[PDB]
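First, one chain by itself: the form deposited without the RNA, in structure tokens.
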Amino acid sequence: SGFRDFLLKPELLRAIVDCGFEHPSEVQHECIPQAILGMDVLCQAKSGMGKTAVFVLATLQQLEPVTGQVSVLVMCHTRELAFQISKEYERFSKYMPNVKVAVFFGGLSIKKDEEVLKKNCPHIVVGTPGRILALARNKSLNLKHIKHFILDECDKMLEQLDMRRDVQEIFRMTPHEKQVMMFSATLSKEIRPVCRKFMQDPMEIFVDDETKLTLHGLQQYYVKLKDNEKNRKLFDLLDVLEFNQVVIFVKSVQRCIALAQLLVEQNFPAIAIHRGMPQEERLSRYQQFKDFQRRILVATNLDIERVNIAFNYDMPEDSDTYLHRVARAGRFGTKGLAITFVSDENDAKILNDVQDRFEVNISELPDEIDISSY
């Protein structure tokens, strides 16, 4: 891996291979060396660019565990986010059993958080601004030993007056000499001042959007149908079209699991991957699809792309999702096939925006006296 040029603890580099990371992203090359040396950093980059990994590895790397002491403080604006970063820490500390983690957010009893803090104080704390605040004031949470204060999606978090006020108070109960890092999708609607408050001459860093996905060199067609007609059409298209591997996109986690099932009952080498499945599992099944073990993939979400045909079993939420689902442009340079299903005017509207945004055309799927293989 290219993470070696980062010289991380071996126990850490191991977790990096199990997570399927082969190479670091631009923001990882851009923000990781400074994060590890203990500098205050302001790493800004468009979503999905690879930011969380940066503070997770960097802290796991500097972290020097002390029983009964919390050394890392991570905050998120939504509990859905904290929960995931908590899992992120878990996945990278896999070979560091001595390192402990815990998340605290509202929606749960504050008495359970205190139970964790008393029975098995963690070294890393993740959570929302208000609950943390409560624990710190309860006195259950002692923040006088924090050495790493990280704010994720600071824009969003700080663009909320009440929460912004909690982040500042928390910040004040923490030591003065410490590493502070912020990560944001935007440069924010004038959030730099609040930022010049937490960081002593921090390093501003900006990584431009990497790889503008394009709909060029892609054959795109639609197939008008009823929802009760889709399965037969899908299956008939799997007997006619030629491929090596295919991805299919379904809305709900349920539809996703019921389709791959049905595909298996008809002897199609299909495996599924939905939004509910935990990461460690998504990579297990993604491996059987990259390994070419299986031929069809039924995803709810979504490198090399040995896939020749991409399906939108049911229309994608909007123009962008379509572009981020279909557009073949990960690594190897080639073409592709995109067939989309439509069952109402809602789907129609979405496909029409696709034709307008990207000035492209999408005709009905054909097959006259020929086929379509070129």
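Just so we're on the same page, rigid core means the largest C-alpha set that superposes within 1.5 Å between forms. One rule holds for the numbers: they count along the sequence shown, beginning at 1.
The same protein has a further form, the form solved in complex with the RNA, not shown here; the description that follows concerns it.
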For the chain seen here without its partner, which of 131 to 139, 91 to 99, 180 to 188, 257 to 265 has a heavy atom within 4.5 Å of the RNA in the entry with it bound? 131 to 139
Do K251 and the RNA share at least one heavy atom pair within 4.5 Å in the entry with it bound? yes
Give a yes or no for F105: in the entry with it bound, does one of its heavy atoms lie within 4.5 Å of a heavy atom belonging to the RNA? yes
Contact test in the entry with it bound: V223 vs the RNA, heavy atoms, 4.5 Å: no
Quick one: does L302 come within 4.5 Å of the RNA in the entry with it bound, counting heavy atoms only? yes
Among the candidate residues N231, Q293, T78, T214, which is the single one with a non-hydrogen atom no more than 4.5 Å from the RNA in the entry with it bound? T78
Among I146, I85, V207, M163, just one has a heavy atom within 4.5 Å of the RNA in the entry with it bound, namely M163
Give, in sequence order, every residue of 306 to 321 that has a heavy atom within 4.5 Å of the RNA in the entry with it bound, or say none if there are no such residues. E317
With the rigid core superposed, which of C121, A136, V180, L234 has its C-alpha shift by 2 Å or more between the shown form and the other one? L234
Superpose the two forms on their rigid core, then report whether the C-alpha of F249 is displaced by 2 angstroms or more between the shown form and the other one. yes
Is it true that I339 shifts between the shown form and the other one by 2 Å or more at the Cα, once the core is aligned? yes
Once the core is superposed between the shown form and the other one, does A348 show a C-alpha displacement of at least 2 Å? yes
Versus the form shown, are the CA atoms of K87 and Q288 closer or farther apart in the entry with it bound, given a shift of 3 angstroms or more? closer
Say whether the C-alpha atoms of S25 and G333 sit closer together or farther apart in the entry with it bound than in the form shown here, given that their separation changes by 3 Å or more. closer
